[PDB]
Amino acid sequence: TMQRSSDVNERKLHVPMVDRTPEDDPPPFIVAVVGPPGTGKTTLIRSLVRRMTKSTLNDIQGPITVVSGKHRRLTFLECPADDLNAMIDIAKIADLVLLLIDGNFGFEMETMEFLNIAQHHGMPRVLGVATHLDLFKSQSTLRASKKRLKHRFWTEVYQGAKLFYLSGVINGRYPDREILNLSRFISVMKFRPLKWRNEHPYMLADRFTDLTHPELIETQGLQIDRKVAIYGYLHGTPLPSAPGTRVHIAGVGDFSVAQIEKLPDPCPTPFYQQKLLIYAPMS
Amino acid sequence: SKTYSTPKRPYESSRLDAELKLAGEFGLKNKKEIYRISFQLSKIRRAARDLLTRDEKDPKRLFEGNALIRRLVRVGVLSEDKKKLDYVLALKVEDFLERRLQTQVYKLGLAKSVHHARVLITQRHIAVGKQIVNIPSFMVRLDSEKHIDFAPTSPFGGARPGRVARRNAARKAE
Amino acid sequence: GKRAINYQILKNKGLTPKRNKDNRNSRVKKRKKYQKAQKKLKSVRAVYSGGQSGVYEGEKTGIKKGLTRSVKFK
Amino acid sequence: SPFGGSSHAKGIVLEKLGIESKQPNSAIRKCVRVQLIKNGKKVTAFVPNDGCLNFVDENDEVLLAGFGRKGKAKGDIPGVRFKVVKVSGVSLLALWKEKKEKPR
Amino acid sequence: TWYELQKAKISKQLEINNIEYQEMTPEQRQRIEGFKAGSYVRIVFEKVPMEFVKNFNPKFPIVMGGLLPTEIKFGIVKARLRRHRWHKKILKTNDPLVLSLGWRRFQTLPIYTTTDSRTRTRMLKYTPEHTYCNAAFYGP
Amino acid sequence: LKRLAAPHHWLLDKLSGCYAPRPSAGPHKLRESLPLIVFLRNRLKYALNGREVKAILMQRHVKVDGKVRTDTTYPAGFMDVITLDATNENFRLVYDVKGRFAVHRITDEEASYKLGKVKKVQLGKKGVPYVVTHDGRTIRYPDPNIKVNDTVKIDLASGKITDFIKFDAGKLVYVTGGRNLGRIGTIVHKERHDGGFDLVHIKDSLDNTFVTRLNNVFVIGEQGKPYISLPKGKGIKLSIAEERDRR
Amino acid sequence: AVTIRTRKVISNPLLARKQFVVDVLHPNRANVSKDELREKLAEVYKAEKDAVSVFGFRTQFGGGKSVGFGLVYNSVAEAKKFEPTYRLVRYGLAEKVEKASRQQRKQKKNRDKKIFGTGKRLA
RNA sequence: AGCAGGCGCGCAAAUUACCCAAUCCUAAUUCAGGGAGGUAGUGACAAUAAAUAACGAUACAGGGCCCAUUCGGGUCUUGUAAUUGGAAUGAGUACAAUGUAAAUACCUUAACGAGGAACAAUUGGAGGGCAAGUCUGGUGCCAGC
Ligand SMILES: Nc1nc2c(ncn2[C@@H]2O[C@H](COP(=O)(O)OP(=O)(O)OP(=O)(O)O)[C@@H](O)[C@H]2O)c(=O)[nH]1
Ligand SMILES: [Mg+2]
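This is how it looks when you write it as structure tokens:
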């Protein structure tokens, strides 16, 4: 089997790429719950935060940064399922995508458009979550829908991807066994380098304040192009600290930075580096 | 197991016309059916060649040849008069696959074509005495050749008429 | 007001030649190949087709004088 | 055997060889310069169907295989021993018949 | 082999980069390389328009990417294009469409062209039905 | 719990799980005994599954050669009796023409005793002569004309000896073990090497002069008058081809 | 109309049962409805409808007949004492369901092996 | 130091399921237990069985069919038409029963379930032909890609 021994170690050899993800303060890997309207997202977010920090979250909004495991943390984002103007830049920023399908309906064209946008703009780690298995007692049809969805999904994304199935919701949160065997996977995540997120300094905003003078807006009369503080969390290549950098935030057009400032970290490092925990802003 | 075997060459003109004639004559599905019947024919007459090449009056040749001809007359591919061992050597694939249930119910009648025979006995209508057989490749034994009739729980026998007939009776009696 | 996916995106095929309803079921294609080749060799031999069916209406298709389809012994 | 023992080798495309060939679907148009990774060398691969040449652009981590002509053609060049069978994870036959989608 | 040679090259580059980064803090953290990765930072922008803060919604994400020195200039750009194979209708030239070219997303008017056997670039009145073609448009 | 290659004269079903029963320590060896699980589960089929066999063993219905022996894996091997008090049954398990454990339905007056070959005659303690037998019933005070490789007739109410068959040239014999199993008749030749490989040769209705190891043979009684009954025509193995030629 | 027919009947006073093979023949119906079968078998024998048991059914191919195994006891108390619990809960006479199934039972077993203490627990 | 799930590079395949019901085994010992073991899920590695259609009726058409290095040979008993008709079904779907430790599957089975039977079979391979179109060569109107 020397031919197989020389033929299966060609899986290793790829294009050499560079990473720039330093091993001292790795960012929360932004994952992005996206899919159809209605099904999934908010209850899956509530289940993941209830199993990762043992505390519920009612009326969630905006990006959370929860902690999972010892070293590193991660970031959730309920992307709205009605606009490509959020779907596109979520697929441009995201690193994992736990992607919702509903098995009593087949696929849906919002997750179709999301998977095509991801396939073009640079493949994140995709992971399918097939929810809504209120199908019937006919476990033959349950196995049939899961089999056809798995084969269609493995054609659409890489063949062999994980497709976690969820049953019905037990009073707001998902079945905790399935949330356990999903959370163990996204703790053993193992991401990959991509050229766009290793060539551009990119940041997801999670707090948004307007430090413009109230007397000034009250004497100008709702006309000014104000000044705005984005309290956020950068990923990727180092955003250069000198003010004057052109930074485009999405959906309004570009600006230049005025001043930036490093803050106390609102998420855990290891406690030995502390000496020598869900953080849910915009809420 | 590995019943069927690929022949000594599968891309050849005479073999291609062989499979074309046999398939279109006995109403067959693919080359695997001819290859299965041809294989087991080759196996039993390869076993018959050794019993021929050893001498007569050996107990091996005597009652193993009697065993082989009893099994072959039980399947029915050997006539009642040629009960000696070299007619097994002179066997052929045509009167060996002629005893399958498709061809046999077409010969018995009741089907009006070989292909209609195949599609009805896979639509579960023909029962050898008591047992409904829904498979063509049966090789029906000689004793149960006269027990072929439409099964009683099927509307070509004497059951309730089918769903097409009673649905048309409903929406033509409305 | 809920979307769905259509047939070609569900099946994920496309840009193929027009294939054949005869080519679908192999038992049918190995029937419509035989009964053509059954009618092909009414043009290389003259096969037996029952015989004198009606009354003898003549040979009905032409007899020619200068033609001998008899294999001769060298 | 043509490259050590393996039947397929992942490779990095340098540049589409012969974009300026005027005759469409020609031999000098359907070549790419692949950097073989298993020993780090250059080779000239032969992607079929110039209409599906333009999937591969530049370091698309392409996967080669042998060619093996079953006769003699009209204006085919010799020397190309390698054809493209898979590009960046997917198979470009499936890409050219537009089932899958090229990921980037 | 060659791939482990290239990986050893870039990883030794990153290692010597870190080993001469691990130095005095005002230069080597925030004025020679500037907030590497994973730093909760506040940014301010003046001249941000009103409707952003007037009707900001907490549901929608606010991503922000920096620009390289080349991707603030304007002018034409020549891309390759293809009708996405499940779109039921083909793309006529001078019909505007939204693009996710990089960070910016923008409606622009393209012109689909093709090199007629690679001698000149003439304007098509329609995109081809299943294969690629060149295209040119004003944009970032 | 090592199994699935049992002694294949037990004839257990192979699609019956994976394992096969381990006979415990007892009066007979491993591969020449037959435990009551294999007996009452797939040899005469009075109980379906092994825990039901444990139920009929625990409920005192079965006794092997006199006393109850409430145990599943009890290796009740050759020549003993099994007096099922209900069903009035006396299973003596003996051998057959082919190598299996044939059963009987013994009368009570014959099931009241059993026999067996001795293995040694010794002087145990305080100058007491005691003999053994093949099923471990080391019994004291024999008649001292008991020789090695001879049979005594145990009374099975007490452990006393009622009679013995002093084997010599010419008294009716059984066999056990080896490829000449289940044969009778003792009168052709009596060979005695030095180190085994010897037999009292056999004479039957067809007078087949046969031999085996002397460890693989033991006695029954007088010619034509045996002490034990024997199953299915007092097993001979003439020929199945001659049987299908005659009848 | 169906029929039942028993064969291979052997008495067995080692359990005071009679065990046999049951052939039910139904010309058009699906299958023979084990509760109704059980009361019919206890009617044709002299049994209880509680001391008769049938388990190993299989409908043979093409429909029409079904073959299975069949038990009739006597002394309904002895039927309780001899037939296993899964059969005795398939009939409605004795129930057994416990919540600590495998995982929440064995984790409780291992932690209770770790406990070593009774209800004296003051902190 | 085994089961399940992982890691083993950035590009890859089973579940962190059920259970002592079977076979055995251990213990004071029928009764407790056993990731020994069994059951189920996933599973184009392999193997066997075979459904995607079957039978009729009608209409015109013949400058038409088919075969053999060529001229020859033989044939409406040859093709195109929803012109069109009713019959039979299981893939499914599903009361129920069956199986089983319980449950799935199969085996049964009432009521549904077919015309483009769209209830949509693929993978290859050999040829063409078409423009107010494109390109290269030249001994016009051509040859090639
Ligand atoms: N029966 C059943 N209901 C579900 C299941 N999953 C979600 N639902 C229902 O779907 C409803 C919507 O919940 P979410 O999915 O959290 O709503 P959302 O994520 O905010 O989606 P949007 O409102 O469109 O943004 C819930 O109230 C659930 O009752 C499921 O698996 N089974
Ligand atoms: Mg929501």
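Sequences listed follow chains A, B, C, D, E, F and G, in order. The first sequence lines up with residues 42 to 317, 353 to 359 when you count with the entry's author numbering. In the entry's author numbering, each residue carries its 1-based index in the second sequence increased by 8. In the entry's author numbering, each residue carries its 1-based index in the third sequence increased by 535. In the entry's author numbering, each residue carries its 1-based index in the fourth sequence increased by 40. In the entry's author numbering, each residue carries its 1-based index in the fifth sequence increased by 748. In the entry's author numbering, each residue carries its 1-based index in the sixth sequence increased by 8. In the entry's author numbering, each residue carries its 1-based index in the seventh sequence increased by 3. Even for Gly, the Cβ is constructed at its ideal location relative to N, Cα and C.
message = 8 Å is my cut-off, CB to CB: does E/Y874 come that close to chain A?
response = For E/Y874, the answer is no, since every Cβ of chain A falls outside 8 Å of its Cβ.
query = Using a threshold of 7 Å, is the CB atom of A/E119 nearer than that to any non-hydrogen atom of ligand 2?
reply = Shortest gap from the CB of A/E119 to any heavy atom of ligand 2: under 7 Å.
Paired residues, beta bridge with G/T9 - DSSP = In the DSSP output, where bridge partners are listed per residue, G/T9 has G/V25.
task = Verify the contact flag: A/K82, CB atom, against every heavy atom of ligand 2, threshold strictly below 7 Å.
result = At least one heavy atom of ligand 2 is nearer than 7 Å to the Cβ of A/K82, so yes.
query = When DSSP builds the beta bridges, which residues end up paired with E/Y886?
reply = Bridge partners of E/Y886: E/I824.
Spatially closest choice to C/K574 from B/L24, B/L99, B/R179 and B/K29, by CA coordinates = With respect to the C-alpha of C/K574, the residue from B/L24, B/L99, B/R179 and B/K29 having the closest C-alpha is B/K29.
query = Beta-carbon of D/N79 versus every beta-carbon of chain E: anything under 8 Å?
reply = Under the Cβ criterion of 8 Å, D/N79 is counted among the residues facing chain E.
task = State yes or no: is the C-beta of F/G144 within less than 8 Å of the C-beta of F/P35?
result = In contact: F/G144 and F/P35 (Cβ atoms closer than 8 Å).
ask   = Using a beta-carbon distance below 8 Å, is C/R559 in contact with chain A?
value = For C/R559, the closest Cβ of chain A is not nearer than 8 Å.
ask   = Does the beta-carbon distance from E/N882 to E/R833 come in below 8 Å?
value = The Cβ atoms of E/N882 and E/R833 do not sit closer than 8 Å to each other.
inquiry  = For E/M798, report the span of its alpha helix (DSSP H) as first-last.
reply    = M798 to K802 is the extent of the alpha helix (DSSP H) around E/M798.
query = Taking the alpha-carbon positions, what's the F/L44 to B/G166 distance?
reply = Distance between the alpha carbons of F/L44 and B/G166: 54 Å.
E/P806 beta carbon less than 8 Å from that of A/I131 = Not in contact: A/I131 and E/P806 (Cβ atoms no closer than 8 Å).
ask   = When the Cα of B/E106 is compared with those of B/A98, B/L86, B/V96 and B/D94, which residue comes out closest?
value = B/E106 has its Cα closest to that of B/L86, out of B/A98, B/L86, B/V96 and B/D94.
task = Assign F/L9 to one of two classes, buried (16 or more other C-beta atoms within 10 Å of its C-beta) or exposed (fewer than that).
result = Counting Cβ neighbours within 10 Å, F/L9 comes out exposed, since fewer than 16 surround it.
message = Taking the alpha helix (DSSP H) that A/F205 belongs to, which residues open and close that run?
response = Looking at the DSSP string, A/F205 is not in any alpha helix (DSSP H); the run it does join, the beta strand (DSSP E), is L204 to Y206.
key: Chain-order list of residues whose beta-carbon lies under 6 Å from that of F/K125 (same chain, five-residue window excluded)   = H142, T159 and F226, listed in sequence order.
ask   = Just the Cα atoms here: how many angstroms apart are B/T161 and G/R10?
value = Rounded to whole angstroms, B/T161 to G/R10 spans 26 Å at the Cα level.
query = Ends of the alpha helix (DSSP H) at B/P67?
reply = Its alpha helix (DSSP H) spans residues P67 to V83.
query = If we ignore side chains and look at the alpha-carbon of each, how far apart do F/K53 and F/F47 end up?
reply = Whole-angstrom Cα-Cα distance: 8 Å.
ask   = Hey, F/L42 and F/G85: beta-carbon distance below 8 Å or not?
value = Taking 8 Å as the Cβ cut-off, F/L42 and F/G85 qualify as a contacting pair.
message = Going by DSSP, what residue range makes up the alpha helix (DSSP H) through F/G241?
response = Segment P239 to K242, the alpha helix (DSSP H) holding F/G241.
query = Is the distance from the Cβ of E/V811 to the Cβ of A/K133 below 8 Å?
reply = Between E/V811 and A/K133, the gap from beta carbon to beta carbon is short of 8 Å.
message = For A/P67 and A/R113, I'd like the C-alpha separation in whole angstroms.
response = Between A/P67 and A/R113, the C-alpha separation is close to 7 Å.
inquiry  = Assuming A/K303 is part of the beta strand (DSSP E), what are its boundary residues?
reply    = Start and end: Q300 to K303.
Secondary structure of A/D130, DSSP reduced to three states = The answer is helix: DSSP assigns A/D130 an H, G or I state.
query = Should the region 102–112 of chain D be called in touch with the region 589–609 of chain C, which here means at least 3 C-beta pairs below 8 Å?
reply = As far as the Cβ criterion goes, the region 102–112 of chain D does not touch the region 589–609 of chain C, which means the pair count is below three.
request  = Could you tell me which chain D residues have their CB closer than 8 Å to the CB of C/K548, listed as they occur along the chain?
outcome  = Those within 8 Å of C/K548 in chain D are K139.
key: Per-residue DSSP class, three states only, for E/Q778   = Correct three-state label for E/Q778: helix.
query = Hey, would you say A/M358 sits closer than 8 Å to A/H276, going by beta carbons?
reply = At the C-beta level, A/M358 and A/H276 stay beyond 8 Å of one another.
ask   = In chain G, which residues lie with their C-beta within 7 Å of the C-beta of F/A94?
value = Going along chain G in sequence order, the residues near F/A94 (Cβ under 7 Å) are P16 and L17.
task = Quick one: give me the first and last residue of the beta strand (DSSP E) that F/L131 is part of.
result = Looking at the DSSP string, the run of the beta strand (DSSP E) that includes F/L131 is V129 to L131.
ask   = Taking 7 Å as the cut-off, is the CB of E/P876 close to at least one heavy atom of ligand 1?
value = No, the Cβ of E/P876 stays beyond 7 Å of every heavy atom of ligand 1.
query = Would the beta-carbon of A/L85 fall within 8 Å of that of A/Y215?
reply = Their beta carbons are under 8 Å apart, which means A/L85 touches A/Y215 by this criterion.
query = Shorter than 8 Å from the beta carbon of G/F60 to some beta carbon of chain F?
reply = Cβ-Cβ to chain F under 8 Å: no for G/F60.
request  = Could you pull out every residue in the same chain whose Cβ sits closer than 8 Å to the Cβ of A/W237, ignoring the five residues on either side in sequence?
outcome  = Contacts found: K133, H162 and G163.
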